[PDB]
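Beneath this line is the structure, given in structure tokens, with notes to follow.
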Amino acid sequence: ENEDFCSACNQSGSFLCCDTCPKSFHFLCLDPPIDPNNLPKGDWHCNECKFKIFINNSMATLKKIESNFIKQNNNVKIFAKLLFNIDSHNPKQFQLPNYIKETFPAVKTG
Amino acid sequence: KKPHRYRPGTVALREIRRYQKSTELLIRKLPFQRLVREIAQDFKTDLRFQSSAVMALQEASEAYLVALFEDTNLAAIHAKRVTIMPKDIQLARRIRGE
Amino acid sequence: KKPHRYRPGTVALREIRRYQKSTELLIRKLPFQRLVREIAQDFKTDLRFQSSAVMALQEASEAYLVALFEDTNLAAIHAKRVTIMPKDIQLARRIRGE
Amino acid sequence: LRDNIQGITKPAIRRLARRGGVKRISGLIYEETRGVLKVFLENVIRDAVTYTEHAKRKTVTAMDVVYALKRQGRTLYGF
Amino acid sequence: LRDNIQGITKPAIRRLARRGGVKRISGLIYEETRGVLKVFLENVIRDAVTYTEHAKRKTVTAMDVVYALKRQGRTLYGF
Amino acid sequence: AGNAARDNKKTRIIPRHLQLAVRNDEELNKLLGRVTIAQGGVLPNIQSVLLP
Amino acid sequence: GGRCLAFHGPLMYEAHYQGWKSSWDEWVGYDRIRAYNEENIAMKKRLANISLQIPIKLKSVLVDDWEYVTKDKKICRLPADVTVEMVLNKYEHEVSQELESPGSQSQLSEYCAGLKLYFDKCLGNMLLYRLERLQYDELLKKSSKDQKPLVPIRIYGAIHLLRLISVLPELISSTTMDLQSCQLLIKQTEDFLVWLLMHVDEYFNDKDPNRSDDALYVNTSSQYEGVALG
DNA sequence: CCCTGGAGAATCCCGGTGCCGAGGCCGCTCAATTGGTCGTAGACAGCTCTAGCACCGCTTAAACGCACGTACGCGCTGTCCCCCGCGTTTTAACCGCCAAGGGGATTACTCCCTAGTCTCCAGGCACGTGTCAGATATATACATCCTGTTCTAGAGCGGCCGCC
DNA sequence: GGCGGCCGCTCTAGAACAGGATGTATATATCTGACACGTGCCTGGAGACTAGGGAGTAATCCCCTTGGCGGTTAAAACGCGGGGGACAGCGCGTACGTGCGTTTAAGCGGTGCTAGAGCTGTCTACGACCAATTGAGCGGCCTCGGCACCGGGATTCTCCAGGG
Numbered sequence: 258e259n260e261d262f263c264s265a266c267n268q269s270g271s272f273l274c275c276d277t278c279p280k281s282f283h284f285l286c287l288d289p290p291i292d293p294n295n296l297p298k299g300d301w302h303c304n305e306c307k308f309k310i311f312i313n314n315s316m317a318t319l320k321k322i323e324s325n326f327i328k329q330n331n332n333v334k335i336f337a338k339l340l341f342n343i344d345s346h347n348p349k350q351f352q353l354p355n356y357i358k359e360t361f362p363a364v365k366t367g
Numbered sequence: 036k037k038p039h040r041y042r043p044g045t046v047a048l049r050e051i052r053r054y055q056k057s058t059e060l061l062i063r064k065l066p067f068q069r070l071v072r073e074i075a076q077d078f079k080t081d082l083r084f085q086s087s088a089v090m091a092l093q094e095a096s097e098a099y100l101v102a103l104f105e106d107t108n109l110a111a112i113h114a115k116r117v118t119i120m121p122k123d124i125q126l127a128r129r130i131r132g133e
Numbered sequence: 036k037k038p039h040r041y042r043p044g045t046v047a048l049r050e051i052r053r054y055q056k057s058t059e060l061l062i063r064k065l066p067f068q069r070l071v072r073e074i075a076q077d078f079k080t081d082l083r084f085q086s087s088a089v090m091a092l093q094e095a096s097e098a099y100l101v102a103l104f105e106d107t108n109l110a111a112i113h114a115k116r117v118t119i120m121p122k123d124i125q126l127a128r129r130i131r132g133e
Numbered sequence: 022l023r024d025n026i027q028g029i030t031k032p033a034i035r036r037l038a039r040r041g042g043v044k045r046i047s048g049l050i051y052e053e054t055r056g057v058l059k060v061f062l063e064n065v066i067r068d069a070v071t072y073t074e075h076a077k078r079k080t081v082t083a084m085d086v087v088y089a090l091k092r093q094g095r096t097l098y099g100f
Numbered sequence: 022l023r024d025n026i027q028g029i030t031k032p033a034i035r036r037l038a039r040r041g042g043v044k045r046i047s048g049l050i051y052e053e054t055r056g057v058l059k060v061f062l063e064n065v066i067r068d069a070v071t072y073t074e075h076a077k078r079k080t081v082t083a084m085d086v087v088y089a090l091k092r093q094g095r096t097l098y099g100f
Numbered sequence: 066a067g068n069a070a071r072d073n074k075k076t077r078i079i080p081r082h083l084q085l086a087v088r089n090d091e092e093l094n095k096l097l098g099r100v101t102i103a104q105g106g107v108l109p110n111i112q113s114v115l116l117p
Numbered sequence: 011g012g013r014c015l016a017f018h019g020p021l022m023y024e025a080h081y082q083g084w085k086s087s088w089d090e091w092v093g094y095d096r097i098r099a100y101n102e103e104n105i106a107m108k109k110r111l112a113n220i221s222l223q224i225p226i227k228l229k230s231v232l233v234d235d236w237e238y239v240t241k242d243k244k245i246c247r248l249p250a251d252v253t254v255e256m257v258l259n260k261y262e263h264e265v266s267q268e269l270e271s272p273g274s275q276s277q278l279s280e281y282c283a284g285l286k287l288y289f290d291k292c293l294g295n296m297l298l299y300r301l302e303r304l305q306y307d308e309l310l311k312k313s314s315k316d317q318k319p320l321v322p323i324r325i326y327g328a329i330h331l332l333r334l335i336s337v338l339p340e341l342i343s344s345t346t347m348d349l350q351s352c353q354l355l356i357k358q359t360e361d362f363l364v365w366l367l368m369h370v371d372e373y374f375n376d377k378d379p380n381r382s383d384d385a386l387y388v389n390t391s392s393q394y395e396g397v398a399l400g
């Protein structure tokens, strides 16, 4: 399954798609920035593609790895949950939060 | 001072009775006529339609859409629902084979 | 001991996959054959039916009932249900115009 | 011939529902499916009855069943 | 001619559903039936286009509209 | 139908394959929508909400 | 024949266990008794035995950031004189030397390090509009040619930290977290916000880069537009 | 919270216009009506012969019925965000009216392949038969679902410690 | 000396993981039963011919739909107020999923026979076609009247406010 909407900045351009993922990305809207002149061969997979059908969810499934990750990474537990959720999230452009839109009624989303 | 403030549904039922007993066509001719030419221009250019040709096309389009709307209505009350939904229309097309 | 005790619904999809890929006739031939004769007895007392004539009637009725059951089934998910009801069948016949 | 509408047994109707993708089958659908099948059979066979009388035949052939099903938009392949 | 699917206005769809006995109409219904009407119009007019081109005519007549609707089991009376 | 015959490891055309070939094609499905095929069955498709 | 005949605890064995599958039976010959079907199968088996606030000047900073990025076509100046490490160090030393020392320095430095690595691992995953993605790309390749692992902490400005603070409620509500840790993070966030309040003049200086060398912002070029939004 | 009296606005019956579409009239003309004449499809009589109607044995997979329980149908509550009723200002719809020029409808000259045969012959159909893929069958083997055991957070509880 | 706060101990348990279970996917052995090749015709279309008639083309004509406007009152659309209902959620339950005991007829194979559809003659009225004729359907015009339109009035079913 492939899409032509590219749900990382809501724009259009050169697209790449994954086999088992229905989300499209540009060559720049990724955590590793890749050029088409030296694109990797074989299958391309997203970050949560690496988190769903690959390690931490197929073998050594996410039972309590957040807590032992907290124990391993010298007690950053007030931020370690966000560090864990970074890996289980696709890269995307910055979007303004909803509660910033209400305080300024003069600006509307394009 | 107090406005009438009709509750929703009663005027909707009243509009049902007023239009089911009516004869005249609800959709205006000019918006429907321009839609026919726009669709036909994607198939064959420089195509004209007669006044009675659009008139025959408009009457069949309303009756087909009304019959779909009746089937959409009884599908809603089958689902213990009052308001029709877009998924109800998709259900009606599949069952009808269209 | 303790039996396997399959959960309610697991065998349902197992029968769904089996009958959707195999073309055997689910209805037994003789009960459907004698039903045809008693229906045709009201129209003609001295009537006979060929072996292939009853054969042709059975598959047409089987496919019509399955197609009706298909329209009956997706009406349940439209009504937030998984169980078919007689009101779903009457919904299917009215929409189809039968 | 009497009591022949019960020839379509309870597992026979259930098997038809399984072919149609039905997951759960109600106990009141067996009487409803029998009535629908009887109504459908009362139209195809009666149409085939009129085809049989016009052909100067006293036995219903499979060819007339195809003609009866064709005029109602339910044409059958393989006869 | 562009953006002509918006010619079927929102209360025009509401008026059509009032003829159908619909109590309440969702806001997403209007966008759905416009595609349904476009699909239905894309079949009858295309069939009428073949009827018009077969007669070596440049204008689609009301006779060809009736025959286009008749072959799909939606025959129109009164032309 | 020949492509559908290779799907279930068959080298002989069976009316099950003919029904599968007709219904799989989008153009052929609505053309023979009012057509009944004997000994063909239906497509083996299950709804998303039916699966546990 | 019979109804109950087994050597072990019987279950109505007929010479077949009723209510059980066919391929579970045994047909060996031993001492079989009835005992009224083990006294009615042993008495029938022994009788079933989140809201965050941001000051309006800071919200103005984010919305004019958005204006400069998307409308005015201005991207952030990479060789800025102030980096986020300097901001966090000034934060930590200023709030350590302002108040007393009751033990707040431990979780203060803990929050500083956690925010440092969060900003390291969240620079290009929630933040960074498509316009500056190739900016980040050229940072990574200009560091890869130098055989040095590039960190965002040493080169990026605090405006992206403000962006992360703005989208912090979305990340917090999307994760399962403890209540006390969430309120502690909120309190530290508000403390950082009032610290940015009192140092608002010397940190975010409003300058036009059309006539000044340093304005914590540079302007988009034509090839930049063509490769970014093309 | 439910029952009942008074009034705002959409709706229904009615008096008067008249008008534009319907009812009846004038021919006549083109399709409907009258009589004969055959090729020809059809009703009728006798033969038959291959498939259906009726009954038998069994046997066995299909089906009726009872016990148990958990996915699901149905009853009840909130809510809020999705849709209706109405004020207001545009907005395009249709009758009013005008050219117009491609285009539907009608008439004639003429041209080719289809109406209708003769003959035959090479493709098409009925029959006979070697044959090659499907089904039965069973140990072996997939294959996912259900269930039993377990591994470490989450919350409650209790012991320890500092402060007033 | 008593009490709130903090951290360790222990019970609870969510849900991934491994093993048993039963119905199918495959691995041959072998039957088997139609599948397609070959043969022998034999019946239907192709080369070739006779004659002709309905459309392609040309011309006319008159007709009719598109473009293109002001106008104006009907209404689409925006927005405010608000209102009742789809859906999330929870709880009751009974009734249909699952499992098999037990009866019961579907079906395979076999027998006999007549109910009757092709098949072949036979003879017989019947409808397309050809002369001959002819009579009201219809284009169009004169007349005329049923209800759209315009208001007037009215009962009449509905909502808001007051009382028990």
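Residue numbers (the deposited numbering), protein chains in the order written: chain E, 258 to 367; chain S, 36 to 133; chain O, 36 to 133; chain P, 22 to 100; chain T, 22 to 100; chain U, 66 to 117; chain D, 11 to 25, 80 to 113, 220 to 400. Backbone N, C-alpha and C fix where the C-beta goes; we use that ideal spot for every residue, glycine too.
Within chain U, partners of residue i - CB distance below 9 Å
i, result
"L100 (chain O)", "Ordered by position in chain U, no residue passes the 9 Å Cβ test against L100 (chain O), which lies about 11 Å from the chain."
Chain-ordered neighbours of residue i on chain P, where CB pairs are closer than 7 Å
i, result
"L115 (chain U)", "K44"
"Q55 (chain O)", "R40"
Beta strand (DSSP E) segment containing residue i, residue limits
i, result
"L92 (chain S)", "Premise fails: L92 (chain S) lies in the alpha helix (DSSP H), 86-113, not in any beta strand (DSSP E)."
"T96 (chain P)", "96-98"
"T101 (chain U)", "100-102"
Residue environment, residue i, which counts as buried when at least 16 other CB atoms sit within 10 Å
i, result
"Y72 (chain T)", "buried"
"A69 (chain T)", "buried"
"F100 (chain T)", "exposed"
"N380 (chain D)", "exposed"
Among the options, the one whose alpha carbon lies nearest that of residue i
i, options, result
"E63 (chain P)", "O:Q85, O:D81, O:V71", "O:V71"
"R99 (chain U)", "O:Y99, O:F104, O:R40", "O:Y99"
"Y94 (chain D)", "D:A385, D:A106, D:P20", "D:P20"
"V86 (chain P)", "O:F104, O:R131, O:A95", "O:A95"
"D290 (chain D)", "D:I105, D:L331, D:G400", "D:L331"
"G284 (chain D)", "E:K349, E:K334, E:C303", "E:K334"
Within chain O, the residues that residue i reaches when beta carbons sit closer than 8 Å
i, result
"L126 (chain S)", "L109, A110, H113"
Sequence-distant residues of its chain with Cβ nearer than 8 Å to residue i (five each side left out)
i, result
"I356 (chain D)", "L222"
"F84 (chain S)", "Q68, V71, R72, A75, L92"
"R324 (chain D)", "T253, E255"
"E97 (chain S)", "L60, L61, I62"
Contacts around residue i, its chain only, beta-carbon distance under 7 Å, and the 5 residues preceding and following it disregarded
i, result
"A38 (chain T)", "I46"
"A83 (chain P)", "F100"
"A66 (chain U)", "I78, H82, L83, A86"
"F326 (chain E)", "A337, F341"
Chain-ordered chain S contacts of residue i [CB-CB under 8 Å]
i, result
"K37 (chain O)", "Going along chain S, no residue has its Cβ under 8 Å from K37 (chain O), so there is no contact; the nearest lies around 40 Å."
"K79 (chain T)", "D81, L82, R83"
Where the alpha helix (DSSP H) through residue i begins and ends
i, result
"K357 (chain D)", "349-368"
"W84 (chain D)", "No alpha helix (DSSP H) contains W84 (chain D), which DSSP labels as neither H nor E."
"residue 16 (chain P)", "Nothing can be reported for residue 16 (chain P): it is not among the residues displayed for chain P, which extend from 22 to 100."
"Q223 (chain D)", "That residue, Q223 (chain D), is in no alpha helix (DSSP H); it is neither H nor E in DSSP."
Contacts that residue i makes with chain S (C-beta to C-beta distance below 9 Å)
i, result
"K59 (chain T)", "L70, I74"
"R42 (chain O)", "Within chain S, no residue comes near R42 (chain O); the closest Cβ sits about 27 Å away, beyond 9 Å."
Cutoff 6 Å; reference residue i; Cβ partners in own chain excluding five residues on either side
i, result
"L97 (chain U)", "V87"
Residues that residue i contacts on chain P, provided the C-beta gap is smaller than 8 Å
i, result
"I130 (chain O)", "Near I130 (chain O) there are no residues of chain P at all, since even the closest Cβ is about 14 Å away, more than 8 Å."
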